[PDB]
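K.L.:
If you scroll down you'll find the structure; I have some questions about it.
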Amino acid sequence: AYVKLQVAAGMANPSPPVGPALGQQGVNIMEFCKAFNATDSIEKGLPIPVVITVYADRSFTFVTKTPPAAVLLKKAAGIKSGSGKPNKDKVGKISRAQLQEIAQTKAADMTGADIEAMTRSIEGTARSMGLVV
Amino acid sequence: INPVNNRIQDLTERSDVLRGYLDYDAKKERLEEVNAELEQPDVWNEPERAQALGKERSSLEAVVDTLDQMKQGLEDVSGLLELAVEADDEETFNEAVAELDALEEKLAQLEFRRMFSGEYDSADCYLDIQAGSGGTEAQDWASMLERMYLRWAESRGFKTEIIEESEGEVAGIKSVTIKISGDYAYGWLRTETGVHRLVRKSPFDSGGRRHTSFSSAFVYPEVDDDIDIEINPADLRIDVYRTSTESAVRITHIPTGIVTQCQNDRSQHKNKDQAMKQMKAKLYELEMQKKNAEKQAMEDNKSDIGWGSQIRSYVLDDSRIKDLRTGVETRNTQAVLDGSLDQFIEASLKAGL
Amino acid sequence: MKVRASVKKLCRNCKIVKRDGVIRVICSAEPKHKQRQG
Amino acid sequence: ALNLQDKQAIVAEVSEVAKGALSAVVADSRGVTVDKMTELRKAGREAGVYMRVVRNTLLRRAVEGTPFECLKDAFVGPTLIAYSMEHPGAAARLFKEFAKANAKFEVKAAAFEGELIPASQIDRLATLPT
RNA sequence: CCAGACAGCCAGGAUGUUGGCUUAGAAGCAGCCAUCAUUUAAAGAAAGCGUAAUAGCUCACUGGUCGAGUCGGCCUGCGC
Ligand SMILES: [Mg+2]
Ligand SMILES: [Zn+2]
């Protein structure tokens, strides 16, 4: 039962948003919250995903990973929404140097050895976002 | 930077007024509760109550985080303004100006969503002033009230034109219907439905005895007169029978249950055409009766509230203006009757009355 | 079974078949597609 | 698609054999794209994009390109096999990582035949230059 | 199409990524916009089912087995 369901690391105890979605299983809500908070290592306020392999003994194994490139593009742009009709009117612009900086920060967990290929994947994500390089 | 200081003070004051009118802590309490029963998972085992919970959750959380981020914006803009006064960092001061404008516009959007919550609020309106059973004093009061409302409409920027104006023989106008056109006119003017209480030393009386006259302002939006759609062949039941050839045509509208017969003409087609015009006429009549019945039900409710229609009180003898619904008072009667009702209409619209 | 004068495949699991000179289509996916030329 | 792209594929297979005649095997009887993902991420971490798993082992694709070089693969061909061409070093460790993948669940399908670069047997050869 | 075709049969159908918004939730699958990149056997920001949304079940696609034809368009005669 491994489906990633998580919120930003700043808001501990996700009682409104996820809640029963992280707690169908017998693993406790408080256990999930303390495992998510155990967050404090790097930064808070940004969504940090995690793979949750739940066993029969309710001692789940969790493997954390890097924050999504979408909200990282948001932090690079400094804007909130950039998807509403981008072709009819361009909403934002990201530097390719900034995208390569994002790629070399994301080179840890992102599946790829070619940094330029991961970069051009990232401005693929950026054109899908709507912001034109 | 003095307009910036006054502007931050104005935002602080209007934010406090908004919190008082919105009752922030109570809505936060229901927000926390709705979050809690969302956390218990049976709420998604029932579909529709989760629908309602999602609606109320989104509304409460949006209002709560809006007021919270305006608190944070007020405090950090104040602190960074204190920085910008002494350190004189021009770019950081420009950043303060930009973020202050963004916060003001976003709280403006919040209070906007509250004050224009009506579905007909965006449309133009028909606003009517009618004097009471008093006489020429009520006539004069209706006329100068019409003057004041024209002055308010022109000051706001709404385009006015007098559709009808029934005057009195001595002075004043007995009744007047005005088209106020422009965006958000009905939303701006919808709190004016009700009664105004004039107390003044009457000039028309010979002895100078003071008079207590009344007038009503009644505003209603320009609803679209929708076209009356024709009736369906399946919705009709067509019969032919012998007239008293079976040229007689009995058309029956089945879903409502209304029949019309026609037998006077030898042509069955002529009989059917007259029956179809009778169908259309009765359908229009029934739609008008349904509309009038709904209007009568609304009138039953607002006649039930009754005395609550007395919304405004001008005591020109003692020179005080009073909104009883919001309870607010002022002393500048000449400014009020000039048309400076912005404070009163904003108070009423934030009250939601 | 739906009786139409123009029977055809509607979804990808629908199969034309001719039984007793009558063209039917049968559906192992959705019984709503079961229909008959008539 | 077409015999044209089949010809460039055959020429590519022959060219890859010639440039790197080092080889190893794998088989996907029960394996996941995440497993191939780990293998090809470590492969791109080792070296360039050129890592090719050329699973075209029909008796007249791979066996038809075979008589250029390493003619022993004709009997190897007609079964579920995925070859792998290698430059770096004589007898590199990619046969060994295919072995540890066999430990981590390719469910004993390739049977580690070894491609007989030193003309060896079907069994392991731990003696590799490191 | 004997550089093995069509249909069966054994396998995969991934990574950034849950592409964002607006929603209430939006994860290929409610709507809008863009419709890339990597691994490349191949995987569409997804063709369908499905979820409250996830989940899950397929498909396109490509690998393996088999070993002679395959497939659907046009003209036209007689028929249903
Ligand atoms: Mg016929
Ligand atoms: Zn069907």
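Chain labels run A, B, ... following the order of the structure tokens; each chain numbers its residues from 1, and ligands are numbered from 1 in the order shown.
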Can you list, as JSON, numbers by chain, every residue of region 3-132 of chain A that DSSP puts in helix (DSSP H, G or I)?

P.N.:
{"A": [19, 20, 21, 29, 30, 31, 32, 33, 34, 35, 36, 37, 69, 70, 71, 72, 73, 74, 75, 76, 77, 96, 97, 98, 99, 100, 101, 102, 103, 104, 105, 115, 116, 117, 118, 119, 120, 121, 122, 123, 124, 125, 126, 127, 128, 129]}

K.L.:
For the selection just defined, write its residues with C-alpha atoms to a file, as a short mmCIF file (atom, residue, chain, number, x, y, z; two decimals), in the first residue's frame.

P.N.:
data_model
loop_
_atom_site.label_atom_id
_atom_site.label_comp_id
_atom_site.auth_asym_id
_atom_site.auth_seq_id
_atom_site.Cartn_x
_atom_site.Cartn_y
_atom_site.Cartn_z
CA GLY A 19 -6.23 12.58 7.16
CA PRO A 20 -8.11 9.36 6.42
CA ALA A 21 -6.29 9.17 3.07
CA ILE A 29 -2.16 9.10 12.32
CA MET A 30 0.21 10.31 15.06
CA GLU A 31 2.88 7.83 13.90
CA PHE A 32 2.55 9.15 10.34
CA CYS A 33 2.78 12.75 11.57
CA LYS A 34 5.88 12.14 13.70
CA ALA A 35 7.50 10.20 10.85
CA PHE A 36 6.81 13.10 8.48
CA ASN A 37 8.16 15.62 11.00
CA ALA A 69 9.68 20.62 -9.80
CA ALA A 70 6.33 22.41 -10.22
CA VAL A 71 6.50 24.25 -6.89
CA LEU A 72 10.24 24.67 -7.44
CA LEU A 73 9.41 26.51 -10.68
CA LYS A 74 6.99 28.58 -8.60
CA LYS A 75 9.78 29.47 -6.17
CA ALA A 76 12.07 30.30 -9.11
CA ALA A 77 9.50 32.53 -10.82
CA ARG A 96 17.86 28.59 -18.64
CA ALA A 97 20.66 29.18 -16.12
CA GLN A 98 18.06 29.10 -13.35
CA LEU A 99 16.64 25.89 -14.84
CA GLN A 100 20.11 24.32 -14.92
CA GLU A 101 20.62 25.40 -11.30
CA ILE A 102 17.33 23.66 -10.49
CA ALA A 103 18.52 20.58 -12.40
CA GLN A 104 21.85 20.38 -10.57
CA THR A 105 20.01 20.73 -7.26
CA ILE A 115 22.23 16.89 -16.44
CA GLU A 116 21.40 18.75 -19.67
CA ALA A 117 18.80 16.10 -20.50
CA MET A 118 17.24 16.51 -17.05
CA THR A 119 17.37 20.27 -17.61
CA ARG A 120 15.52 20.16 -20.94
CA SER A 121 13.08 17.83 -19.23
CA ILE A 122 12.59 20.61 -16.66
CA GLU A 123 11.75 23.28 -19.25
CA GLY A 124 9.47 20.66 -20.76
CA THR A 125 7.76 20.77 -17.37
CA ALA A 126 7.97 24.58 -17.56
CA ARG A 127 6.26 24.81 -20.94
CA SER A 128 3.59 22.45 -19.60
CA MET A 129 3.36 24.84 -16.63
#

K.L.:
As a quick test: using only C-alpha atoms (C1' of nucleotides) and all ligand atoms, which residues lie no more than 9 Å away from ligand 2? Give them as a list in words.

P.N.:
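Written in the requested form, the residues are residues 9, 10, 11, 12, 13, 14, 15, 25, 26, 27, 28, 29, 30, 31, 32, 33 and 34 of chain C.
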
K.L.:
Do you know which residues are at most 8 Å from residue 197 (chain B) counting only C-alpha atoms (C1' of nucleotides), after dropping those on the same chain fewer than 5 positions away, and could you put them as a PyMOL selection string?

P.N.:
chain B and resi 212-215+310+312-315

K.L.:
Keeping C-alpha atoms for every residue in the selection just given, could you write it to a file as a short mmCIF file (atom, residue, chain, number, x, y, z; two decimals), in the first residue's frame?

P.N.:
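Below is the file that was written, part-v4.cif:
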data_model
loop_
_atom_site.label_atom_id
_atom_site.label_comp_id
_atom_site.auth_asym_id
_atom_site.auth_seq_id
_atom_site.Cartn_x
_atom_site.Cartn_y
_atom_site.Cartn_z
CA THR B 212 -42.60 63.64 11.26
CA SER B 213 -42.98 62.44 7.69
CA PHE B 214 -41.97 59.19 6.03
CA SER B 215 -40.68 58.10 2.65
CA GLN B 310 -37.96 51.76 9.00
CA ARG B 312 -33.22 55.54 8.52
CA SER B 313 -34.01 58.43 10.87
CA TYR B 314 -33.13 62.08 10.20
CA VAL B 315 -33.83 64.34 13.18
#

K.L.:
Could you please select, counting only C-alpha atoms, the residues of chain B within 6 Å of chain A and state them as a PDB file with N, CA, C and O atoms, in the first residue's frame?

P.N.:
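The new file selection.pdb reads:
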ATOM      1  N   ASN B  35     -12.866  20.961  10.229  1.00  0.00           N
ATOM      2  CA  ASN B  35     -11.618  20.223  10.058  1.00  0.00           C
ATOM      3  C   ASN B  35     -11.620  18.930  10.872  1.00  0.00           C
ATOM      4  O   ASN B  35     -11.174  17.879  10.393  1.00  0.00           O
ATOM      5  N   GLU B  39     -11.611  15.074   9.661  1.00  0.00           N
ATOM      6  CA  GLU B  39     -10.587  14.109  10.064  1.00  0.00           C
ATOM      7  C   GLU B  39     -11.181  12.748  10.423  1.00  0.00           C
ATOM      8  O   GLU B  39     -10.595  11.711  10.084  1.00  0.00           O
ATOM      9  N   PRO B  41     -13.280   9.687   9.491  1.00  0.00           N
ATOM     10  CA  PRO B  41     -13.428   9.283   8.082  1.00  0.00           C
ATOM     11  C   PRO B  41     -14.841   8.920   7.658  1.00  0.00           C
ATOM     12  O   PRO B  41     -15.057   8.688   6.461  1.00  0.00           O
TER      13      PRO B  41
END

K.L.:
Compute the chain B side of the contact with chain E at 8 Å, counting only C-alpha atoms (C1' of nucleotides), and hand it back as a PyMOL selection string.

P.N.:
chain B and resi 44+47+51+54-55+58

K.L.:
Please provide as a list in words all residues within 12 Å of residue 167 (chain B), with the sequence filter that same-chain residues fewer than 2 positions apart are discarded (counting only C-alpha atoms (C1' of nucleotides)).

P.N.:
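Once the nearby chain positions are removed, what remains is residues 129, 130, 131, 135, 136, 138, 139, 140, 141, 142, 143, 146, 164, 165, 169, 170, 171, 172, 173, 174, 175, 176 and 177 of chain B.
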
K.L.:
Find the residues around residue 83 (chain A) up to 8 Å (only C-alpha atoms (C1' of nucleotides) counted), leave out those fewer than 6 positions away in its own chain, and share them as a VMD selection string.

P.N.:
(chain A and resid 91 129 to 131) or (chain E and resid 20 to 21 33)

K.L.:
At a cut-off of 10 Å, using only C-alpha atoms (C1' of nucleotides), what residues contact residue 64 (chain E)? Leave out same-chain residues fewer than 6 positions from it and give the result as a PyMOL selection string.

P.N.:
(chain D and resi 27-29+55-58+78-81) or (chain E and resi 10-11)

K.L.:
Please check the contacts: residues of chain D at most 7 Å away from chain A, using only C-alpha atoms, listed as a list in words.

P.N.:
residues 41, 44 and 45 of chain D

K.L.:
Suppose we keep C-alpha atoms; can you now write the selection as a PDB file, in the first residue's frame?

P.N.:
ATOM      1  CA  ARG D  41      20.579   4.868 -14.403  1.00  0.00           C
ATOM      2  CA  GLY D  44      24.463   6.141 -17.550  1.00  0.00           C
ATOM      3  CA  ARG D  45      26.293   6.873 -14.313  1.00  0.00           C
TER       4      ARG D  45
END

K.L.:
Could you name the residues that touch region 88-92 of chain D at 9 Å or less, counting only C-alpha atoms (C1' of nucleotides), but leaving out those on the same chain fewer than 2 positions away, as a PyMOL selection string?

P.N.:
chain D and resi 20+22-23+47+86+94-96+117-118+128-130

K.L.:
Please return, as a list in words, all residues of region 229-273 of chain B that DSSP assigns to strand (DSSP E) on the basis of the backbone.

P.N.:
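After running DSSP on the backbone, region 229-273 of chain B has strand (DSSP E) at residues 236, 237, 238, 239, 240, 241, 248, 249, 250, 251, 252, 253, 258, 259, 260, 261 and 262 of chain B.
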
K.L.:
Give the residues of chain E that lie within 10 Å of chain A; count only C-alpha atoms (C1' of nucleotides), and format the answer as a ChimeraX atom specification.

P.N.:
/E:15-21,25,27,32-39,45,53-55

K.L.:
Near chain D, meaning an atom within 12 Å, which residues of chain E appear when counting only C-alpha atoms (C1' of nucleotides)? Write them as a PyMOL selection string.

P.N.:
chain E and resi 1-5+10-15+38-43+62-66

K.L.:
If I take CA of residue 14 (chain B) and CA of residue 104 (chain B), how far is one from the other in Å, to one decimal?

P.N.:
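Taking CA of residue 14 (chain B) and CA of residue 104 (chain B), their separation equals 10.2 Å.
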
K.L.:
When distances are computed from only C-alpha atoms (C1' of nucleotides), which of E:30, E:78, E:68, E:59 shows the smallest separation from chain C?

P.N.:
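Once distances to chain C are computed over only C-alpha atoms (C1' of nucleotides), the minimum belongs to E:59.
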
K.L.:
Using only C-alpha atoms (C1' of nucleotides), what table do you get, as CSV, when you list each residue of chain E with an atom no more than 12 Å from chain C, its nearest pair of atoms, and their distance in Å rounded to one decimal, rows by chain then rising number?

P.N.:
residue,atom,partner,partner_atom,distance
E:47,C1',C:12,CA,10.8
E:48,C1',C:11,CA,9.6
E:49,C1',C:29,CA,10.0
E:58,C1',C:29,CA,11.8
E:59,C1',C:12,CA,10.4
E:79,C1',C:21,CA,11.9
E:80,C1',C:21,CA,6.8

K.L.:
I need the chosen residues saved as a PDB file, in the first residue's frame, with N, CA, C and O atoms (P, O5', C5', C4', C3', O3' and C1' of nucleotides).

P.N.:
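File written: out01.pdb
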ATOM      1  P     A E  47      -5.634   9.948 -25.122  1.00  0.00           P
ATOM      2  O5'   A E  47      -7.062   9.258 -25.022  1.00  0.00           O
ATOM      3  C5'   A E  47      -7.850   9.056 -26.183  1.00  0.00           C
ATOM      4  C4'   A E  47      -8.476   7.690 -26.171  1.00  0.00           C
ATOM      5  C3'   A E  47      -9.233   7.335 -24.905  1.00  0.00           C
ATOM      6  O3'   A E  47     -10.532   7.890 -24.846  1.00  0.00           O
ATOM      7  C1'   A E  47      -7.780   5.576 -25.432  1.00  0.00           C
ATOM      8  P     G E  48     -11.128   8.359 -23.430  1.00  0.00           P
ATOM      9  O5'   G E  48     -11.643   7.004 -22.778  1.00  0.00           O
ATOM     10  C5'   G E  48     -12.546   6.176 -23.488  1.00  0.00           C
ATOM     11  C4'   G E  48     -12.643   4.799 -22.887  1.00  0.00           C
ATOM     12  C3'   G E  48     -13.020   4.725 -21.423  1.00  0.00           C
ATOM     13  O3'   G E  48     -14.388   4.981 -21.172  1.00  0.00           O
ATOM     14  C1'   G E  48     -11.275   3.207 -21.856  1.00  0.00           C
ATOM     15  P     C E  49     -14.830   5.643 -19.777  1.00  0.00           P
ATOM     16  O5'   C E  49     -14.851   4.412 -18.768  1.00  0.00           O
ATOM     17  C5'   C E  49     -15.609   3.252 -19.070  1.00  0.00           C
ATOM     18  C4'   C E  49     -15.199   2.078 -18.221  1.00  0.00           C
ATOM     19  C3'   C E  49     -15.312   2.271 -16.723  1.00  0.00           C
ATOM     20  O3'   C E  49     -16.639   2.181 -16.242  1.00  0.00           O
ATOM     21  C1'   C E  49     -13.253   1.236 -17.222  1.00  0.00           C
ATOM     22  P     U E  58      -4.872  -6.234 -15.827  1.00  0.00           P
ATOM     23  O5'   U E  58      -4.894  -5.018 -16.851  1.00  0.00           O
ATOM     24  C5'   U E  58      -4.622  -5.221 -18.228  1.00  0.00           C
ATOM     25  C4'   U E  58      -5.777  -4.771 -19.084  1.00  0.00           C
ATOM     26  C3'   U E  58      -5.411  -4.233 -20.458  1.00  0.00           C
ATOM     27  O3'   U E  58      -5.178  -5.248 -21.417  1.00  0.00           O
ATOM     28  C1'   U E  58      -6.905  -2.737 -19.417  1.00  0.00           C
ATOM     29  P     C E  59      -3.929  -5.131 -22.421  1.00  0.00           P
ATOM     30  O5'   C E  59      -4.271  -3.865 -23.326  1.00  0.00           O
ATOM     31  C5'   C E  59      -5.382  -3.881 -24.208  1.00  0.00           C
ATOM     32  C4'   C E  59      -5.628  -2.524 -24.815  1.00  0.00           C
ATOM     33  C3'   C E  59      -4.522  -1.983 -25.704  1.00  0.00           C
ATOM     34  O3'   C E  59      -4.551  -2.526 -27.012  1.00  0.00           O
ATOM     35  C1'   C E  59      -5.244  -0.288 -24.222  1.00  0.00           C
ATOM     36  P     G E  79     -31.297  -9.865 -57.616  1.00  0.00           P
ATOM     37  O5'   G E  79     -30.638  -9.694 -56.182  1.00  0.00           O
ATOM     38  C5'   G E  79     -31.377  -9.964 -55.006  1.00  0.00           C
ATOM     39  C4'   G E  79     -30.691 -10.992 -54.149  1.00  0.00           C
ATOM     40  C3'   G E  79     -30.952 -10.874 -52.660  1.00  0.00           C
ATOM     41  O3'   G E  79     -32.178 -11.445 -52.258  1.00  0.00           O
ATOM     42  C1'   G E  79     -28.645 -11.079 -53.011  1.00  0.00           C
ATOM     43  P     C E  80     -33.100 -10.669 -51.205  1.00  0.00           P
ATOM     44  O5'   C E  80     -32.200 -10.597 -49.899  1.00  0.00           O
ATOM     45  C5'   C E  80     -31.946 -11.761 -49.132  1.00  0.00           C
ATOM     46  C4'   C E  80     -31.484 -11.410 -47.746  1.00  0.00           C
ATOM     47  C3'   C E  80     -32.326 -10.383 -47.018  1.00  0.00           C
ATOM     48  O3'   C E  80     -33.490 -10.936 -46.438  1.00  0.00           O
ATOM     49  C1'   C E  80     -30.045  -9.826 -46.801  1.00  0.00           C
TER      50        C E  80
END

K.L.:
Between CA of residue 277 (chain B) and CA of residue 290 (chain B), what distance in Å does the model show, to one decimal?

P.N.:
19.9 Å

K.L.:
If I take CA of residue 27 (chain B) and CA of residue 114 (chain B), how far is one from the other in Å, to one decimal?

P.N.:
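Between these atoms lies a distance of 14.2 Å.
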